[PDB]
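Beneath this line is the structure, given in C-alpha cells, with notes to follow.
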Amino acid sequence: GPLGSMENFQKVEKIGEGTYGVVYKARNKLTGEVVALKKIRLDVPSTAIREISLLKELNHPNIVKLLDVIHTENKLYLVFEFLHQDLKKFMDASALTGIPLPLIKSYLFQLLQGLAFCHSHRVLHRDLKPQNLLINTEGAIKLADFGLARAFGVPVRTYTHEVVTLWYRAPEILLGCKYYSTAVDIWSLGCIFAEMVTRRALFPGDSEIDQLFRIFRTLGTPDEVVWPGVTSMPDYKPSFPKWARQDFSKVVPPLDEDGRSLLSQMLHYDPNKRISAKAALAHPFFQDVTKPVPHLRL
Ligand SMILES: CCS(=O)(=O)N1CCC(NC(=O)c2n[nH]cc2NC(=O)c2c(F)ccc(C3CCN(C(=O)CC(=O)OC)CC3)c2F)CC1
C-alpha cells in the first residue's frame, strides 16, 4: 500500500482490539472530526474489498457509519463515526441496579431495526456481542464491527479474549453449518437480551463443546422432534448427552411473559422456526416501546 494517506489523522488513544484489528480514537487534523479507526495489518483480497464497499453503502441509524476506507503501508484503516461507550461497559456500570426495562426494550427494538435493515439486504453481522453494540447520550444503540464472509488480516497477537466470541454463537454454527443465515444474528441478540435482563451472560462457554452443552442443558438436547435434520449436521454426534429442557421462567427472571415469549422465539433451535428481525419488531413486547435516555458517565 502507498504512503501518507493517514497523515490527516492524529491518534489520541488506543480504545480496543479484536481478532483482526486494533481500535483507536483519532482526530482529523483538517476537519476537527473525532473518529474511531480500525487498524488491520496486512501480510488485501478483492472479494473483501467489495464486501467492505457494500457495507459502506449500508447506512441506517442503528449501524455505526463507515466513513472511509484507507490503505497505507501494510495496513488497512477503516474510519468510523465515534461513539463513547459500548453496551458491555454500560451493563457493567448498571450491574448493581440493572438497566430499566424501558431502556432494555428500546435497545432491543433499535437493534432489531438495524438487523431487519441489514438482513433485508442479505447482509449478516455474524459476530454480534455486547462489545459490538455502541451507545450515545441520546439513547441510540448501533451495530459495529460486522464480520465478513471470509476474514483477512494478520491476527492481533495481543488479543486474548476470543473465547468470549463463543458465548453468542448460534447452535447451527457450532454444529458445523457452512452456509448459515441471518438467523445466527437473531440468536446472538437473544443471548444479549437475556444478558441485559439478568446481568449475567446466558451461555458463557469456554470451548465449542462446552458452549454446545451449556445450550443443551438449558434448552434441551436438540433432536429430530424440535429440529428436523439436526442429527445429520456435520458435527452432530449421537453420543451427545440427552438433557431435558429447563423453563424460561428460571432462565430470565423477572422478565415478563411478553419478553420471555419473544426471547424463546429468538432462541429456537431450528433456524427455520427462529423468529426473523422483522417478525420480532411486530411482537407484542414492543406495543409500548419508548426511547429513554441512559445516564452515561463519559
Ligand atoms: C471501556 C470501553 S468504552 O465502553 O468506554 N468504549 C470506548 C469508546 C469505543 N468506541 C468505539 O470503539 C467506536 N466508536 N465508533 C466506532 C467504534 N468502534 C468500532 O467500530 C469497532 C471496530 F472498528 C473494531 C472492533 C470493535 C469491537 C468489536 C467487539 N470486540 C471484540 O470482538 C473483541 C473482544 O474482546 O470480544 C469480547 C471488541 C472491539 C469495534 F467496536 C467503545 C468502547
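So you can find residues: chains in the C-alpha cells are A, B, ... in the order shown, residues in each start at 1, and ligands are numbered from 1 in order.
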Residues of chain A that have any atom at most 6 Å from an atom of ligand 1: could you tabulate them with the shortest-distance atom pair and the distance in Å to one decimal, using only C-alpha atoms and all ligand atoms, ordered by chain and increasing number, as JSON lines?
{"residue": "A:15", "atom": "CA", "partner": "ligand 1", "partner_atom_place_in_ligand_line": "7 (C)", "distance": 5.7}
{"residue": "A:16", "atom": "CA", "partner": "ligand 1", "partner_atom_place_in_ligand_line": "39 (C)", "distance": 5.3}
{"residue": "A:17", "atom": "CA", "partner": "ligand 1", "partner_atom_place_in_ligand_line": "39 (C)", "distance": 5.1}
{"residue": "A:18", "atom": "CA", "partner": "ligand 1", "partner_atom_place_in_ligand_line": "33 (C)", "distance": 3.8}
{"residue": "A:23", "atom": "CA", "partner": "ligand 1", "partner_atom_place_in_ligand_line": "24 (C)", "distance": 5.6}
{"residue": "A:36", "atom": "CA", "partner": "ligand 1", "partner_atom_place_in_ligand_line": "15 (N)", "distance": 4.8}
{"residue": "A:38", "atom": "CA", "partner": "ligand 1", "partner_atom_place_in_ligand_line": "23 (F)", "distance": 4.3}
{"residue": "A:80", "atom": "CA", "partner": "ligand 1", "partner_atom_place_in_ligand_line": "16 (C)", "distance": 5.0}
{"residue": "A:81", "atom": "CA", "partner": "ligand 1", "partner_atom_place_in_ligand_line": "15 (N)", "distance": 4.9}
{"residue": "A:82", "atom": "CA", "partner": "ligand 1", "partner_atom_place_in_ligand_line": "15 (N)", "distance": 3.5}
{"residue": "A:83", "atom": "CA", "partner": "ligand 1", "partner_atom_place_in_ligand_line": "14 (N)", "distance": 4.0}
{"residue": "A:84", "atom": "CA", "partner": "ligand 1", "partner_atom_place_in_ligand_line": "8 (C)", "distance": 4.3}
{"residue": "A:85", "atom": "CA", "partner": "ligand 1", "partner_atom_place_in_ligand_line": "4 (O)", "distance": 3.6}
{"residue": "A:86", "atom": "CA", "partner": "ligand 1", "partner_atom_place_in_ligand_line": "4 (O)", "distance": 4.1}
{"residue": "A:89", "atom": "CA", "partner": "ligand 1", "partner_atom_place_in_ligand_line": "4 (O)", "distance": 4.7}
{"residue": "A:131", "atom": "CA", "partner": "ligand 1", "partner_atom_place_in_ligand_line": "29 (C)", "distance": 4.4}
{"residue": "A:132", "atom": "CA", "partner": "ligand 1", "partner_atom_place_in_ligand_line": "29 (C)", "distance": 4.3}
{"residue": "A:144", "atom": "CA", "partner": "ligand 1", "partner_atom_place_in_ligand_line": "20 (O)", "distance": 4.9}
{"residue": "A:145", "atom": "CA", "partner": "ligand 1", "partner_atom_place_in_ligand_line": "22 (C)", "distance": 4.8}
{"residue": "A:161", "atom": "CA", "partner": "ligand 1", "partner_atom_place_in_ligand_line": "35 (O)", "distance": 5.1}
{"residue": "A:164", "atom": "CA", "partner": "ligand 1", "partner_atom_place_in_ligand_line": "37 (C)", "distance": 4.9}
{"residue": "A:165", "atom": "CA", "partner": "ligand 1", "partner_atom_place_in_ligand_line": "37 (C)", "distance": 5.9}
Near residue 273 of chain A, counting only C-alpha atoms, which residues have an atom at most 12 Å away, once you skip same-chain residues fewer than 2 positions from it, shown as a PDB file with C-alpha atoms, in the first residue's frame?
ATOM      1  CA  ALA A 183     -30.853 -16.378  11.928  1.00  0.00           C
ATOM      2  CA  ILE A 186     -31.174 -13.263  15.990  1.00  0.00           C
ATOM      3  CA  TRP A 187     -29.650 -15.949  18.231  1.00  0.00           C
ATOM      4  CA  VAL A 226     -37.706 -29.952  17.563  1.00  0.00           C
ATOM      5  CA  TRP A 227     -35.069 -29.541  14.813  1.00  0.00           C
ATOM      6  CA  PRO A 228     -35.621 -31.678  11.698  1.00  0.00           C
ATOM      7  CA  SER A 264     -37.921 -18.029  23.373  1.00  0.00           C
ATOM      8  CA  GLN A 265     -38.619 -17.384  19.681  1.00  0.00           C
ATOM      9  CA  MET A 266     -35.175 -15.781  19.242  1.00  0.00           C
ATOM     10  CA  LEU A 267     -33.593 -18.887  20.811  1.00  0.00           C
ATOM     11  CA  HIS A 268     -35.408 -21.527  18.744  1.00  0.00           C
ATOM     12  CA  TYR A 269     -33.015 -24.306  17.741  1.00  0.00           C
ATOM     13  CA  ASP A 270     -34.221 -24.625  14.160  1.00  0.00           C
ATOM     14  CA  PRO A 271     -33.015 -21.616  12.113  1.00  0.00           C
ATOM     15  CA  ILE A 275     -38.097 -15.536  14.532  1.00  0.00           C
ATOM     16  CA  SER A 276     -36.865 -13.030  11.945  1.00  0.00           C
ATOM     17  CA  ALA A 279     -41.384 -10.506  12.760  1.00  0.00           C
TER      18      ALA A 279
END
Pairwise distance for atom CA of residue 180 of chain A and atom CA of residue 75 of chain A, rounded to one decimal in Å: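 Computing the Euclidean distance for atom CA of residue 180 of chain A and atom CA of residue 75 of chain A yields 29.8 Å.
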Check which residues of segment 128-207 of chain A sit at most 12 Å from segment 218-224 of chain A using only C-alpha atoms, and return one row each with the closest pair of atoms and their distance in Å to one decimal, ordered by chain and rising number, as JSON lines.
{"residue": "A:171", "atom": "CA", "partner": "A:222", "partner_atom": "CA", "distance": 9.7}
{"residue": "A:172", "atom": "CA", "partner": "A:222", "partner_atom": "CA", "distance": 10.9}
{"residue": "A:175", "atom": "CA", "partner": "A:222", "partner_atom": "CA", "distance": 11.1}
{"residue": "A:202", "atom": "CA", "partner": "A:218", "partner_atom": "CA", "distance": 9.5}
{"residue": "A:203", "atom": "CA", "partner": "A:218", "partner_atom": "CA", "distance": 8.9}
Neighbour list for residue 119 of chain A as JSON, numbers by chain, cut-off 10 Å, only C-alpha atoms, skip fewer than 6 positions in-chain: {"A": [112, 113, 125, 181, 182, 183, 185, 276, 277, 278]}
Filtered DSSP result for segment 83-194 of chain A, state strand (DSSP E or B), as a VMD selection string: chain A and resid 85 to 86 133 to 135 141 to 143
I need the chosen residues saved as a PDB file, in the first residue's frame, with N, CA, C and O atoms.
ATOM      1  N   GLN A  85     -19.306   4.823  24.212  1.00  0.00           N
ATOM      2  CA  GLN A  85     -19.404   3.708  25.145  1.00  0.00           C
ATOM      3  C   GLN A  85     -19.991   2.506  24.419  1.00  0.00           C
ATOM      4  O   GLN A  85     -20.706   2.664  23.427  1.00  0.00           O
ATOM      5  N   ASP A  86     -19.686   1.305  24.912  1.00  0.00           N
ATOM      6  CA  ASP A  86     -20.323   0.100  24.383  1.00  0.00           C
ATOM      7  C   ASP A  86     -21.231  -0.505  25.440  1.00  0.00           C
ATOM      8  O   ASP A  86     -21.216  -0.114  26.613  1.00  0.00           O
ATOM      9  N   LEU A 133     -21.865  -3.384  20.326  1.00  0.00           N
ATOM     10  CA  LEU A 133     -23.024  -2.504  20.370  1.00  0.00           C
ATOM     11  C   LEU A 133     -22.621  -1.206  21.052  1.00  0.00           C
ATOM     12  O   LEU A 133     -22.244  -1.210  22.228  1.00  0.00           O
ATOM     13  N   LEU A 134     -22.685  -0.106  20.306  1.00  0.00           N
ATOM     14  CA  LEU A 134     -22.199   1.185  20.763  1.00  0.00           C
ATOM     15  C   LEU A 134     -23.382   2.102  21.066  1.00  0.00           C
ATOM     16  O   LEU A 134     -24.389   2.085  20.352  1.00  0.00           O
ATOM     17  N   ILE A 135     -23.270   2.891  22.141  1.00  0.00           N
ATOM     18  CA  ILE A 135     -24.384   3.710  22.609  1.00  0.00           C
ATOM     19  C   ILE A 135     -23.932   5.163  22.688  1.00  0.00           C
ATOM     20  O   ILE A 135     -22.743   5.453  22.824  1.00  0.00           O
ATOM     21  N   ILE A 141     -28.552   3.031  20.052  1.00  0.00           N
ATOM     22  CA  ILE A 141     -27.600   1.926  20.104  1.00  0.00           C
ATOM     23  C   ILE A 141     -27.354   1.487  18.665  1.00  0.00           C
ATOM     24  O   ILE A 141     -28.260   1.567  17.827  1.00  0.00           O
ATOM     25  N   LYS A 142     -26.113   1.096  18.353  1.00  0.00           N
ATOM     26  CA  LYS A 142     -25.719   0.876  16.964  1.00  0.00           C
ATOM     27  C   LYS A 142     -24.866  -0.376  16.821  1.00  0.00           C
ATOM     28  O   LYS A 142     -24.048  -0.683  17.691  1.00  0.00           O
ATOM     29  N   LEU A 143     -25.051  -1.074  15.694  1.00  0.00           N
ATOM     30  CA  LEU A 143     -24.263  -2.253  15.343  1.00  0.00           C
ATOM     31  C   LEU A 143     -22.899  -1.861  14.793  1.00  0.00           C
ATOM     32  O   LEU A 143     -22.805  -1.010  13.893  1.00  0.00           O
TER      33      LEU A 143
END
Residues within 10 Å of residue 109 of chain A, only C-alpha atoms, excluding chain neighbours under 4 positions, as a ChimeraX atom specification: /A:103-105,113-115,141,277,280-282,285-286,289-291
Convert the current residue selection to file output with C-alpha atoms, as a PDB file, in the first residue's frame.
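Below is the file that was written, selection.pdb:
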ATOM      1  CA  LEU A 103     -34.278   1.083  28.047  1.00  0.00           C
ATOM      2  CA  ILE A 104     -33.675  -2.650  27.542  1.00  0.00           C
ATOM      3  CA  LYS A 105     -36.778  -2.693  25.338  1.00  0.00           C
ATOM      4  CA  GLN A 113     -34.478  -2.382  13.349  1.00  0.00           C
ATOM      5  CA  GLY A 114     -30.811  -2.301  12.339  1.00  0.00           C
ATOM      6  CA  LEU A 115     -30.797  -6.073  11.792  1.00  0.00           C
ATOM      7  CA  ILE A 141     -27.600   1.926  20.104  1.00  0.00           C
ATOM      8  CA  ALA A 277     -35.855  -9.491  12.885  1.00  0.00           C
ATOM      9  CA  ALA A 280     -39.747  -9.704  16.097  1.00  0.00           C
ATOM     10  CA  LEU A 281     -40.422  -5.985  15.553  1.00  0.00           C
ATOM     11  CA  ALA A 282     -44.163  -6.842  15.368  1.00  0.00           C
ATOM     12  CA  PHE A 285     -43.417  -6.903  23.639  1.00  0.00           C
ATOM     13  CA  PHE A 286     -42.938  -3.720  21.612  1.00  0.00           C
ATOM     14  CA  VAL A 289     -41.776   0.829  23.280  1.00  0.00           C
ATOM     15  CA  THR A 290     -40.340   4.278  24.049  1.00  0.00           C
ATOM     16  CA  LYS A 291     -36.884   5.867  23.742  1.00  0.00           C
TER      17      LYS A 291
END
Residue nearest residue 251 of chain A among A:296, A:194, A:62, A:215 (counting only C-alpha atoms):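 Among the listed residues, the smallest separation from residue 251 of chain A belongs to A:194.
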Would you mind writing down, as a short mmCIF file (atom, residue, chain, number, x, y, z; two decimals) with C-alpha atoms, in the first residue's frame, each residue of segment 44-194 of chain A that DSSP on the backbone assigns to alpha helix (DSSP H)?
data_model
loop_
_atom_site.label_atom_id
_atom_site.label_comp_id
_atom_site.auth_asym_id
_atom_site.auth_seq_id
_atom_site.Cartn_x
_atom_site.Cartn_y
_atom_site.Cartn_z
CA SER A 46 -10.55 -8.15 -3.70
CA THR A 47 -13.66 -10.05 -2.60
CA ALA A 48 -13.15 -8.49 0.83
CA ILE A 49 -12.67 -5.05 -0.72
CA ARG A 50 -16.06 -5.42 -2.37
CA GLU A 51 -17.70 -6.70 0.83
CA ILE A 52 -16.42 -3.65 2.72
CA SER A 53 -17.55 -1.37 -0.11
CA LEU A 54 -21.07 -2.76 0.18
CA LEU A 55 -21.03 -2.23 3.96
CA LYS A 56 -20.04 1.39 3.36
CA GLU A 57 -23.34 1.72 1.45
CA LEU A 87 -23.08 -1.98 25.90
CA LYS A 88 -20.66 -4.12 27.93
CA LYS A 89 -19.39 -1.09 29.85
CA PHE A 90 -22.96 0.16 30.29
CA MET A 91 -24.13 -3.16 31.75
CA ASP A 92 -21.04 -3.20 33.96
CA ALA A 93 -21.93 0.31 35.20
CA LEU A 101 -36.84 -2.42 31.31
CA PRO A 102 -37.89 0.56 29.11
CA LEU A 103 -34.28 1.08 28.05
CA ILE A 104 -33.68 -2.65 27.54
CA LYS A 105 -36.78 -2.69 25.34
CA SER A 106 -35.66 0.40 23.40
CA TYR A 107 -32.19 -1.03 22.78
CA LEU A 108 -33.59 -4.39 21.67
CA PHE A 109 -36.12 -2.68 19.38
CA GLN A 110 -33.43 -0.49 17.80
CA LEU A 111 -31.07 -3.42 17.26
CA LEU A 112 -33.88 -5.39 15.62
CA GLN A 113 -34.48 -2.38 13.35
CA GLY A 114 -30.81 -2.30 12.34
CA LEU A 115 -30.80 -6.07 11.79
CA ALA A 116 -34.07 -6.06 9.83
CA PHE A 117 -32.44 -3.42 7.62
CA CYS A 118 -29.18 -5.39 7.13
CA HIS A 119 -30.97 -8.70 6.68
CA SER A 120 -33.29 -7.23 4.02
CA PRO A 171 -26.04 -23.77 17.59
CA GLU A 172 -26.07 -24.35 13.83
CA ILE A 173 -22.64 -22.70 13.64
CA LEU A 174 -21.36 -24.89 16.48
CA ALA A 183 -30.85 -16.38 11.93
CA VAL A 184 -27.43 -16.51 13.59
CA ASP A 185 -27.78 -12.80 14.33
CA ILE A 186 -31.17 -13.26 15.99
CA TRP A 187 -29.65 -15.95 18.23
CA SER A 188 -26.81 -13.65 19.30
CA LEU A 189 -29.20 -10.81 20.02
CA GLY A 190 -31.37 -13.16 22.06
CA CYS A 191 -28.36 -14.02 24.21
CA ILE A 192 -27.63 -10.31 24.62
CA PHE A 193 -31.28 -9.62 25.58
CA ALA A 194 -31.11 -12.25 28.32
#
Nearest-residue call for residue 157 of chain A, choices A:27, A:11, A:41, A:217, using only C-alpha atoms: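 Among the listed residues, the smallest separation from residue 157 of chain A belongs to A:41.
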Computed interatomic separation between atom CA of residue 150 of chain A and atom CA of residue 212 of chain A (Å):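 Straight-line distance from atom CA of residue 150 of chain A to atom CA of residue 212 of chain A works out to 23.7 Å.
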Closest of A:97, A:70, A:168, A:34 to residue 7 of chain A - atom-to-atom distances counting only C-alpha atoms: A:70
Residue contacts of residue 10 of chain A (12 Å, only C-alpha atoms) excluding same-chain residues fewer than 2 positions away, as a list in words: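 Here the qualifying residues turn out to be residues 5, 6, 7, 8, 12, 13, 14, 24, 25, 26, 27, 28, 29, 30, 31, 32, 33, 34, 35, 36 and 37 of chain A.
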Keeping only N, CA and C atoms, write the selected residues to a file as a PDB file, in the first residue's frame.
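Below is the file that was written, again_16.pdb:
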ATOM      1  N   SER A   5      -1.350   8.524   3.457  1.00  0.00           N
ATOM      2  CA  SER A   5      -2.797   8.745   3.424  1.00  0.00           C
ATOM      3  C   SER A   5      -3.398   9.000   4.806  1.00  0.00           C
ATOM      4  N   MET A   6      -2.763   8.498   5.870  1.00  0.00           N
ATOM      5  CA  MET A   6      -3.238   8.674   7.245  1.00  0.00           C
ATOM      6  C   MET A   6      -2.666   9.904   7.947  1.00  0.00           C
ATOM      7  N   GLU A   7      -1.819  10.705   7.281  1.00  0.00           N
ATOM      8  CA  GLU A   7      -1.252  11.883   7.937  1.00  0.00           C
ATOM      9  C   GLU A   7      -2.323  12.886   8.356  1.00  0.00           C
ATOM     10  N   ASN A   8      -3.524  12.806   7.781  1.00  0.00           N
ATOM     11  CA  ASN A   8      -4.585  13.720   8.178  1.00  0.00           C
ATOM     12  C   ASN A   8      -5.166  13.383   9.545  1.00  0.00           C
ATOM     13  N   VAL A  12      -5.361   9.584  19.186  1.00  0.00           N
ATOM     14  CA  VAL A  12      -5.384  10.137  20.526  1.00  0.00           C
ATOM     15  C   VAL A  12      -5.380   9.059  21.601  1.00  0.00           C
ATOM     16  N   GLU A  13      -5.955   7.883  21.351  1.00  0.00           N
ATOM     17  CA  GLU A  13      -5.756   6.776  22.276  1.00  0.00           C
ATOM     18  C   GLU A  13      -6.183   5.459  21.648  1.00  0.00           C
ATOM     19  N   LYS A  14      -5.578   4.384  22.149  1.00  0.00           N
ATOM     20  CA  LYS A  14      -5.985   3.025  21.816  1.00  0.00           C
ATOM     21  C   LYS A  14      -7.159   2.641  22.710  1.00  0.00           C
ATOM     22  N   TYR A  24      -8.632   2.585  17.583  1.00  0.00           N
ATOM     23  CA  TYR A  24      -8.149   3.842  18.131  1.00  0.00           C
ATOM     24  C   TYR A  24      -9.247   4.894  18.092  1.00  0.00           C
ATOM     25  N   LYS A  25      -9.168   5.830  19.026  1.00  0.00           N
ATOM     26  CA  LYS A  25      -9.831   7.114  18.870  1.00  0.00           C
ATOM     27  C   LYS A  25      -8.855   8.067  18.186  1.00  0.00           C
ATOM     28  N   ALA A  26      -9.357   8.852  17.234  1.00  0.00           N
ATOM     29  CA  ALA A  26      -8.465   9.727  16.488  1.00  0.00           C
ATOM     30  C   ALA A  26      -9.189  11.003  16.094  1.00  0.00           C
ATOM     31  N   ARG A  27      -8.400  12.021  15.755  1.00  0.00           N
ATOM     32  CA  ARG A  27      -8.945  13.285  15.291  1.00  0.00           C
ATOM     33  C   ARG A  27      -8.405  13.609  13.906  1.00  0.00           C
ATOM     34  N   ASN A  28      -9.300  14.081  13.044  1.00  0.00           N
ATOM     35  CA  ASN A  28      -8.897  14.621  11.750  1.00  0.00           C
ATOM     36  C   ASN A  28      -8.294  16.008  11.954  1.00  0.00           C
ATOM     37  N   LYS A  29      -7.054  16.182  11.495  1.00  0.00           N
ATOM     38  CA  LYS A  29      -6.385  17.469  11.628  1.00  0.00           C
ATOM     39  C   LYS A  29      -7.027  18.532  10.745  1.00  0.00           C
ATOM     40  N   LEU A  30      -7.641  18.128   9.634  1.00  0.00           N
ATOM     41  CA  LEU A  30      -8.222  19.093   8.704  1.00  0.00           C
ATOM     42  C   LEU A  30      -9.616  19.529   9.138  1.00  0.00           C
ATOM     43  N   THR A  31     -10.442  18.587   9.589  1.00  0.00           N
ATOM     44  CA  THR A  31     -11.847  18.861   9.838  1.00  0.00           C
ATOM     45  C   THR A  31     -12.197  18.993  11.315  1.00  0.00           C
ATOM     46  N   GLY A  32     -11.312  18.583  12.223  1.00  0.00           N
ATOM     47  CA  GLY A  32     -11.629  18.539  13.631  1.00  0.00           C
ATOM     48  C   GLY A  32     -12.462  17.347  14.052  1.00  0.00           C
ATOM     49  N   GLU A  33     -12.945  16.545  13.104  1.00  0.00           N
ATOM     50  CA  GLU A  33     -13.789  15.405  13.438  1.00  0.00           C
ATOM     51  C   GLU A  33     -13.063  14.456  14.377  1.00  0.00           C
ATOM     52  N   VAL A  34     -13.813  13.899  15.310  1.00  0.00           N
ATOM     53  CA  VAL A  34     -13.339  12.818  16.164  1.00  0.00           C
ATOM     54  C   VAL A  34     -13.932  11.529  15.621  1.00  0.00           C
ATOM     55  N   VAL A  35     -13.099  10.491  15.520  1.00  0.00           N
ATOM     56  CA  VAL A  35     -13.430   9.310  14.745  1.00  0.00           C
ATOM     57  C   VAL A  35     -12.866   8.095  15.469  1.00  0.00           C
ATOM     58  N   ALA A  36     -13.388   6.914  15.141  1.00  0.00           N
ATOM     59  CA  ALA A  36     -12.739   5.662  15.513  1.00  0.00           C
ATOM     60  C   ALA A  36     -12.048   5.091  14.284  1.00  0.00           C
ATOM     61  N   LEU A  37     -10.886   4.474  14.505  1.00  0.00           N
ATOM     62  CA  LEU A  37     -10.130   3.798  13.457  1.00  0.00           C
ATOM     63  C   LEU A  37      -9.991   2.333  13.821  1.00  0.00           C
TER      64      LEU A  37
END
Nearest to residue 206 of chain A, chosen from A:166, A:76, A:95, A:66, with only C-alpha atoms counted in the distances: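 Nearest candidate to residue 206 of chain A out of A:166, A:76, A:95, A:66: A:166.
Nearest to residue 292 of chain A of all the residues A:94, A:59, A:158, A:137 is A:137, counting only C-alpha atoms.
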Top pick for closest residue to residue 74 of chain A, considering A:1, A:122, A:129, A:61 and counting only C-alpha atoms: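 Smallest distance to residue 74 of chain A is found for A:1.
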Exercise: residue 147 of chain A partners within 9 Å, only C-alpha atoms, chain neighbours under 6 positions left out, as an MDAnalysis selection string: chainID A and resid 124:128
